[PDB]
Structure formats: structure tokens, C-alpha cells
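Protein chains in written order, with the authors' numbering: chain A, 58 to 440; chain B, 58 to 123, 128 to 441. We put the CB at the ideal spot given by N, CA and C, even for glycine. A short write-up of the structure that comes next.
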Amino acid sequence: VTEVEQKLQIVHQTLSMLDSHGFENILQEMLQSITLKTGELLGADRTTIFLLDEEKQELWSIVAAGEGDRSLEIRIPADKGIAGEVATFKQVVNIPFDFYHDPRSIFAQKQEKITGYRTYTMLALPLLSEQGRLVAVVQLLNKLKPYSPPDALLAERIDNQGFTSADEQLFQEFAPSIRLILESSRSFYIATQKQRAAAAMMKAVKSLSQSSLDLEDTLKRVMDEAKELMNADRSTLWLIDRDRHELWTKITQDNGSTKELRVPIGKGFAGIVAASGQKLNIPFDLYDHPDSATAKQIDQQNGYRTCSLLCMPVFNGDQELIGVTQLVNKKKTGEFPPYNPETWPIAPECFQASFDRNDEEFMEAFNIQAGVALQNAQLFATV
Amino acid sequence: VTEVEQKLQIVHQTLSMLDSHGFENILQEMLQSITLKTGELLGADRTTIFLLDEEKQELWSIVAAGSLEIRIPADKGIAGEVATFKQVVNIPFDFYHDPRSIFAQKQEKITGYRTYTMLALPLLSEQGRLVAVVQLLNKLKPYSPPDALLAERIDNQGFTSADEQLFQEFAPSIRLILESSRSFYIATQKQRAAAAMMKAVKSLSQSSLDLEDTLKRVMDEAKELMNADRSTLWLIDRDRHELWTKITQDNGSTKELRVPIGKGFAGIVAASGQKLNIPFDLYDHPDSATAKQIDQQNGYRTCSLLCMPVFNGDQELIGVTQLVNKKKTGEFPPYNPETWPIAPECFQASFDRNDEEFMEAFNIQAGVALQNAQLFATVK
Ligand SMILES: Nc1ncnc2c1ncn2[C@@H]1O[C@@H]2COP(=O)(O)O[C@H]2[C@H]1O
Ligand SMILES: Nc1ncnc2c1ncn2[C@@H]1O[C@@H]2COP(=O)(O)O[C@H]2[C@H]1O
Ligand SMILES: Nc1ncnc2c1ncn2[C@@H]1O[C@@H]2COP(=O)(O)O[C@H]2[C@H]1O
Ligand SMILES: Nc1ncnc2c1ncn2[C@@H]1O[C@@H]2COP(=O)(O)O[C@H]2[C@H]1O
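Set out below in C-alpha cells:
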């Protein structure tokens with residue numbers, strides 16, 4: 058309560074040390090240099106660092122050796138390959154010559170047909186936090202003989218004895234520095250997210266104390282601000298009717314009309330999010346999505362057209378879902394005439410656009426402010 | 058690695074929500090209003106919200122309704142009991158007949174307020190951590206004549222089970238204000254920590270300094286920002302059970318200092334793992350014997366000191382930093398060792414707890430350099 062201003066000065070100093078300095082590049086370039094040196098010292102032809110996108114269940118390479126020292130991004134399902142084995146069970150996997158005689162290599166053999174790279178031997182290592190969380194998977198490919206002709210083909214340059222126990226321990230000279238880059242950035246992301254959530258709650262307290270508006274009008278202001286920042290045509294807060302197992306809301310049209318909408322939980326994108334507690338971001342054109350039947354019927358009834366949609370859950374203090382926000386129709390940049398319902402179901406060019414991952418992160422502060430208001434506005438009014 | 062720019066834009070969103078809006082006053086005034094309403098509805102003469110300062114081990118009032130700041134040892138009184146055992150305490154009339162009231166009876170001689178009944182409730186998080194102690198005093202009769210004395214307007218049947226339940230209508234709102242602000246404070250400090258690690262990666266990637274000079278650069282920046290005369294990084298001889306460091310004197314000299322772990326402020330902090338902030342004048346402190354001897358040997362004088370632990374990956378101690386002598390702003394004569402033990406005016410100042418929080422970023426940068434500077438240079 059009494060440290061806000063001082064902590065804001067600390068935030069400003071954090072911005073001074075990071076803003077405009079190209080830290081994504083500094084961090085990625087250093088990671089690349091470490092990986093190169095790690096591979097050189099362990100005698101690997103190629104060295105890859107995989108990260109885990111747990112939202113999409115995929116391992117993707119933040120650093121990965123390519124042909125002619127120009128690198129590409131490898132992306133696989135998090136359960137597949139030796140990389141997936143290391144991600145799941147968090148053991149070192151050492152594959153001796155020849156990897157292709159191992160039945161675990163089937164996935165890799167299919168990927169070779171595309172990449173043109175041939176893996177004979179491998180050392181794959183989990184990078185773990187102190188708690189044992191997966192930070193990354195480091196994969197070293199094709200142990201090399203220390204001396205080969207400079208024009209030698211891969212099959213002649215490989216060392217049939219593969220990677221050794223001494224190589225695995227040598228990797229520990231580098232492991233801490235790799236962890237530092239990956240863990241420092243991750244920790245920055247999480248702290249920034251928790252800081253934002255806390256700030257959004259504080260801002261909601263300020264709104265409720267200073268306003269002489271209803272709950273209804275306070276929630277409208279939050280959704281209208283969200284809509285403006287994200288360049289959405291409309292926005293909506295759906296509330297739960299627990300008794301009937303339904304969502305409801307009151308929309309306002311281009312007319313001067315107040316219409317109530319009601320959808321069963323489980324039906325439509327709002328209903329799906331209410332049932333699952335998990336966001337959905339539906340890109341243009343929403344009408345091509347297999348779950349769009351509900352939108353099609355409501356659009357025709359309202360003289361509107363839903364083309365893109367960001368649907369996110371709103372929670373309690375104790376993880377109970379109490380609402381669902383929607384941003385409706387990311388606006389394409391430019392000037393266009395208003396939508397005319399006589400053209401249905403044709404999508405107007407003005408809504409040929411989609412919400413992205415940035416819109417999702419920026420919307421979260423508005424979701425939190427809505428939730429705080431729903432839970433606390435009645436007590437705040439009494440006071 | 059690939060989300061730094063997006064997250065920095067989130068930091069700017071956060072600043073736009075909070076900057077220049079007088080939030081310390083908005084939050085405190087709302088907390089005050091909710092406390093007033095809570096006391097009115099439960100019929101308490103007075104209502105207090107205590108917070109726990111963990112480092113000083115004190116309970117202190119952020120709000121009082123029915128106003129001064131009350132401050133007690135964290136283990137004393139009914140408030141202390143609720144902070145420790147985390148259960149509701151309902152005291153019937155008359156509180157003073159209860160042995161547990163002795164502390165309050167002594168506080169009463171000072172404040173002049175007389176407590177007859179009480180309901181003290183723990184406010185807890187999901188995990189069972191203490192957020193606050195809410196203490197309601199002196200249940201009132203629903204009607205008393207306009208100018209009735211306190212003894213005449215108290216209800217001698219005290220607070221009810223229903224009063225306890227009615228409090229839960231206000232508890233969530235109180236939690237919101239206290240927890241949201243706390244979460245912002247902790248997230249901000251953890252964000253600076255991670256930012257300082259990233260900054261170290263930048264420094265070590267673009268550096269041509271060896272380990273010794275890298276560590277000196279970190280400590281020199283630390284003393285510049287917090288206006289200390291000198292600064293020091295002690296390393297551990299984990300073998301002789303000793304600390305060592307190489308100081309540079311105002312002259313152009315190098316000198317090794319050795320302290321047994323356990324002795325001196327550096328040694329105490331190494332054996333315990335807890336920071337110490339020794340205010341002016343450090344020579345008045347019980348544990349200052351080592352500083353006094355070392356000062357005479359160096360022709361120096363230690364007047365204030367901020368001594369902090371430095372850890373590796375898994376929270377094992379790899380060093381101790383010191384900022385030495387917060388400098389008084391102005392222009393003063395150089396310290397002359399012939400004046401010993403007189404403290405010079407240039408060092409008549411102290412480090413505050415804001416310096417402690419800012420210094421953590423340099424502590425982390427030193428720890429990162431110890432573990433990574435040599436490898437980074439090899440790759441470069
Ligand atoms: N840098 C790289 N270049 C080409 N192929 C790679 C690279 N890194 C990993 N791979 C291959 O990608 C495969 C994914 O499945 P595996 O992990 O079983 O085996 C992996 C390697 O054979
Ligand atoms: N503010 C709004 N104005 C008009 N239609 C809306 C608005 N918000 C949501 N909708 C529509 O309401 C529909 C409910 O089901 P869906 O979530 O599938 O798709 C939703 C949109 O098509
Ligand atoms: N707002 C207040 N005004 C006067 N006295 C108070 C107030 N709040 C708490 N106290 C007294 O401070 C005492 C501290 O010890 P106890 O918790 O035993 O009992 C507490 C009350 O008697
Ligand atoms: N850079 C420095 N220059 C001179 N004295 C120092 C320096 N750093 C630490 N000291 C002194 O070294 C002493 C070691 O024991 P203490 O930590 O008790 O107190 C410390 C200070 O008095």
C-alpha cells in the first residue's frame with residue numbers, strides 16, 4: 058500500500074537498462090556463439106537447442122545448425138523423436154553408431170528426407186532448473202574425427218565411436234551459461250506478467266473508489282477501452298447464469314438499441330471457453346471454422362457479421378470462471394464503408410483481419426479489471 | 058529470449074495504469090473506508106488492520122477506524142497470538158480479567174484507550190499465509206445516549222458468531238488491496254533481478270576485461286549509484302573457512318584482507334546468509350571489533366556498512382558484498398588517520414532500506430560474473 062511510488066521508480070530503472078538496446082538479439086547471438094563453441098569442443102557436426110512451447114505442445118529450435126553456417130528453425134511435436142524422449146523423461150540419451158538401426162529413429166528418418174541431413178550418432182541432454190523443470194533440450198549430432206581431409210563427405214568424417222561420457226561432462230562447462238540466458242529471460246516474462254496482473258487489480262480498485270457509475274456502466278468502460286486499444290469493432294462481456302448453465306450479455310448496436318443475447322455453455326466460441334476455461338483466438342474468416350454455426354445465426358438476427366474473434370476467460374480469486382470477454386472483428390487498416398446486412402454472408406473488407414498473440418497479452422489487463430469489478434463493485438458501493 | 062520487446066510493451070501498459078495517479082493515497086483511503094464500514098456494521102468502537110513486518114518482527118497498523130500508527134512486537138498480545146497461530150480469537154467481557162491482556166493493559170496506560178471486548182481475525186491467502194490481522198474492539202450497544210462514556214455504551218455480551226461471519230463480506234475486498242499491492246512489489250523486485258541478469262549477459266558479451274576487472278567494474282558502479290566511498294566483494298576460501306578480498310586504497314596500492322568466517326560483519330553475514338545494514342556510527346555496534354582493527358591497519362575509518370550475501374544457482378553462498386561509508390553530500394577534507402577514532406564529517410551518513418533493494422541487482426551481477434565471465438570471454 059505504501060511502497061507504490063518507490064517501486065514505480067525501480068520499474069523506470071529497469072526500462073532504462075533494457076529499452077532500445079536490442080536484448081532479443083544480444084541474447085540470441087550469445088546463445089548462438091555458446092552453442093557453436095560447445096559443438097566445436099565436443100566434436101559435433103551440428104548442435105541444436107530446443108525449447109518447449111507447452112501451449113502448442115511442440116519443441117522448436119532457438120538455435121540450430123544449418124548448411125553453410127546459415128541456420129533454420131526445426132519444429133516437432135513434443136512427444137516425438139529422441140528430443141521428445143528427453144523432454145518427457147529428462148534423461149541423457151546417448152545414441153551410438155548407427156542411429157538408423159535403432160527403432161526410435163523412425164521419426165528422424167522421415168525428417169531427413171525433407172532436410173537432407175543424416176544423423177549417425179547423437180548426444181541429447183536435458184537442461185533442468187534447480188527444481189527439475191525443463192529449460193531446454195540440447196542435441197549434439199554426429200561426433201567427428203579430430204582429423205579429416207578438408208573436402209571429406211559427412212560419412213567419412215564421422216567417428217564411429219560416437220559421443221562419450223567425457224563429452225557429456227565437458228558440456229557442463231557451458232550448461233550454466235545457456236541456462237542463464239534462457240532462465241533470465243523467462244523470469245523477466247513471468248515477473249512482467251504478475252506485475253501487470255497486480256497493477257490491473259490496483260487500477261480496478263481506483264476505478265471503483267472514484268466512480269459514481271453502476272456495475273453495468275463500469276464494465277462498459279473497461280470493454281470500450283479494450284476495444285479501442287486492440288482496434289476491434291466491438292467488445293462484449295458475457296456473464297454466467299449458473300442455475301440455467303448459460304451465458305448472457307447486453308450488446309449495443311449501430312442504431313441505439315439494447316438487445317440481450319443468451320447462449321448455452323458449450324455452444325459457440327463463448328460457450329466453448331466458458332466450459333473449458335481456456336482462450337480461443339479465431340482468425341479471419343471465422344465462418345470457415347467448424348464451430349461457427351452459432352455466430353452465423355446470431356449475426357443474421359443482429360444484422361452483423363463476425364469475421365474474427367478473441368475469446369478469453371475471466372476468473373475469481375479462487376480460479377472459478379465468472380465470465381468471458383470477446384473482442385469482435387479486428388479492423389483492417391484503412392477507410393471502408395459501413396457493413397450492410399443485405400450482403401450477408403459476404404465478409405466486408407473492413408473486417409479482413411485477425412487478432413494476434415500481442416492482442417491476447419494486452420487484453421489480459423482488461424479481463425482482470427472486469428473480474429475485480431464483478432466481484433467487488435457491490436461491496437464498494439455499500440461503502 | 059524472443060519475447061523481451063513484447064513484455065517491455067506490457068511494462069509500459071503497467072506504467073500507464075499506475076503513474077501520476079497518487080495510488081498510495083487511493084489504496085490507503087479505500088482501505089480506511091472499508092475498515093470504517095466493517096466496524097460500523099459489526100458494531101465495534103474501533104477497528105484496526107495490522108500488517109507484519111517480517112524483518113523487524115513487528116505488527117504495525119496500516120489503518121485504524123473509529128488515528129495513529131500502533132506498533133507492537135509480533136509475538137505480543139492477542140494480535141500476536143493471531144499472527145502466530147492463525148485462528149480467530151473472541152474475547153468476552155472483561156478482557157482485563159484474562160491473563161493474556163497484560164500487554165494491552167500496559168499499552169493502555171500510554172494510549173488511554175480501554176479494551177473490554179475483542180474480536181481478532183486472521184486474514185489469510187489461499188496458501189494459508191498471513192495477509193493481516195483485523196482487530197475489532199468494544200462491541201457497542203445499538204443505542205446509547207449521545208454523550209455516554211465508553212463503559213456505558215459497551216455491550217457486555219461482546220462480539221457474536223454472526224459478527225464473525227459478517228466479516229467475511231468485507232474480507233475479500235481487504236485482501237484485494239493488500240495482496241495486489243504486495244504482488245506488485247514482489248513482481249517488480251523479481252523483474253529487476255531478471256533484468257540485471259540479462260544486463261550482465263550484455264556486459265560480458267561486449268567485454269575485454271578479465272574476471273578481476275569485471276568484478277571491480279560491478280562494484281565500482283554499485284558504489285557510484287548509491288554514493289558509497291568504497292565497495293568490496295569478499296570471496297570464500299571454502300577450505301580455511303575464511304573470506305578474502307583485494308582492496309585498493311586512495312593512493313594507488315593493493316592489499317589483501319583476510320577474515321575468519323564468523324568474525325566481523327562480513328564473516329557474520331557469510332555464516333548466516335542474511336544481510337546486515339549497520340547505520341552510523343558503526344563503532345557503537347557490539348560486533349565492530351574487527352572493523353576497528355582493520356581500519357587502524359589501513360589508515361581508514363568504517364562508519365556505515367551494507368553487507369549482503371551473494372548466491373550461485375542453488376542458493377549456496379559464493380560471496381559477500383559491502384558498500385562502505387555512505388557519503389554525506391558536500392565538500393569535505395580527506396580523512397586523516399591521525400584523528401582515529403573520530404568519525405569524519407564526510408562519512409556522517411547511513412544506507413537506508415532503499416539502498417538495500419537497489420543493491421540486489423549489483424549482487425546478482427557479481428554472482429553472474431563469478432560463474433560466467435571466464436566462459437563468455439573464451440567464446441568471444
Ligand atoms: N541442426 C539440425 N540439422 C538437421 N537435423 C537436425 C538438427 N537438429 C536435430 N536434427 C534432427 O531432427 C530430428 C528430430 O527427431 P530426433 O530428435 O529423433 O532426431 C533429430 C535429428 O536427427
Ligand atoms: N458485441 C457484439 N455485437 C454483435 N455480436 C456479438 C457481439 N459479441 C458477440 N457477438 C456474437 O455473439 C456470438 C455468440 O456466439 P460465438 O461466441 O460463437 O460468436 C459470437 C458473436 O458472433
Ligand atoms: N485502534 C486502536 N486504538 C487503541 N487501541 C488499540 C487499537 N487497536 C488495538 N488496540 C489495542 O492495542 C493492543 C495490542 O495488544 P492486544 O492485541 O492484546 O490488544 C490491543 C488493543 O487493546
Ligand atoms: N574497500 C575497503 N577498504 C577499506 N576497508 C574495507 C573495505 N571493505 C571492507 N573494509 C573493512 O574490512 C572489514 C572486515 O570486517 P567487517 O566486515 O567487520 O568490517 C569491514 C570494513 O571495516
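Per DSSP, A/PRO405 lies in no alpha helix (DSSP H) and is assigned neither H nor E.
Put simply, the backbone Cα of B/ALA144 is about 10 Å away from that of B/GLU115. Straight-line spacing of the CA atoms in B/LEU276 and B/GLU421 works out to 15 Å.
Contact between A/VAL371 and A/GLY360 does not hold, since their C-beta atoms are separated by about 28 Å, which reaches or exceeds 8 Å. Remark: the shortest separation between the CB of B/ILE403 and any heavy atom of ligand 4 does not fall under 7 Å. Under the 10 Å beta carbon count, A/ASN424 is surrounded by 16 or more other beta carbons and is classified as buried. The CB of B/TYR246 comes closer than 7 Å to the CB of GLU60 and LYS64 in chain A, given here in chain order.
Relative to B/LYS202, the option among B/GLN188, B/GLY141 and B/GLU97 whose CA is nearest is B/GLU97. Not a single C-beta of chain A is nearer than 8 Å to the C-beta of B/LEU184. Approximately 57 Å separates the beta-carbon atoms of A/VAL429 and A/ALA223; this is outside 8 Å, ruling out the contact. Here B/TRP295 is buried, its C-beta having at least 16 other C-beta atoms within 10 Å. Neighbourhood of ligand 2, defined by CB distance below 6 Å to any of its heavy atoms: A/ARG291, A/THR293, A/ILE308, A/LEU318, A/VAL320, A/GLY325, A/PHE326, A/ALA327, A/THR351, A/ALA352, A/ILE355, A/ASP356, A/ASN359, A/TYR361, A/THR363, A/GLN383 and A/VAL385, in chain order.
Each of B/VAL149, B/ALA121, B/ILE139 and B/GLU417 was checked against the Cα of B/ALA289, and the nearest Cα belongs to B/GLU417. Interface criterion not met: the Cβ of A/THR172 is under 8 Å from no Cβ in chain B. Contact between A/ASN338 and A/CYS364 is absent: CB atoms are separated by about 13 Å, not below the 8 Å threshold.
By the neighbour-count definition (other C-beta atoms within 10 Å, threshold 16), A/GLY325 is a buried residue.
Residue pairing from DSSP places B/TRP305 in a beta bridge opposite B/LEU296 and B/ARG319. Within the region 216 to 256 of chain B, complete beta strand (DSSP E) segments of at least 3 residues are not found at all. For A/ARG132, not one C-beta of chain B is nearer than 8 Å to its own C-beta. Distances between the C-beta of B/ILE133 and the heavy atoms of ligand 3 include at least one below 7 Å. In this structure, B/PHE146 and B/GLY219 do not form a Cβ contact; the two beta carbons are roughly 20 Å apart against a cut-off of 8 Å. Looking at the DSSP output, A/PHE372 sits in a beta bridge with A/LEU378.
With contacts defined by Cβ atoms closer than 8 Å, A/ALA248 and B/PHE245 do not form a contacting pair. The bridge partners DSSP lists for B/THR104 are B/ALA122 and B/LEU197.
Secondary structure of B/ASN82 (DSSP, three-state): helix.
With a cutoff of 8 Å on beta-carbon distance, B/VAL279 and B/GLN89 are scored as not near each other. Within its own chain, the residues whose Cβ lies closer than 7 Å to the Cβ of A/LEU198, once the five positions on either side in sequence are excluded, are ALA101, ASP102, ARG103, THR176 and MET179, listed in chain order. B/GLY313 has a beta carbon lying at 8 Å or more from every beta carbon in chain A.
For B/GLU115, the three-state secondary structure derived from DSSP is strand. Only residues of its own chain outside the window of five on either side were considered, and among them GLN166 have a CB closer than 7 Å to the CB of A/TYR157, listed in chain order. As the crow flies, the alpha-carbon of B/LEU366 is around 15 Å from that of B/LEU286. In terms of beta-carbon proximity, B/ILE238 lines the interface with chain A, with at least one pair separated by less than 8 Å. For B/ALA422, the uninterrupted alpha helix (DSSP H) run begins and ends at 414 to 440, by DSSP. Straight-line spacing of the CA atoms in B/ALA434 and A/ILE235 works out to 13 Å. A/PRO183 counts as buried, since no fewer than 16 other beta carbons sit within 10 angstroms of its beta carbon.
Only residues of its own chain outside the window of five on either side were considered, and among them none has a CB closer than 6 Å to the CB of A/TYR174.
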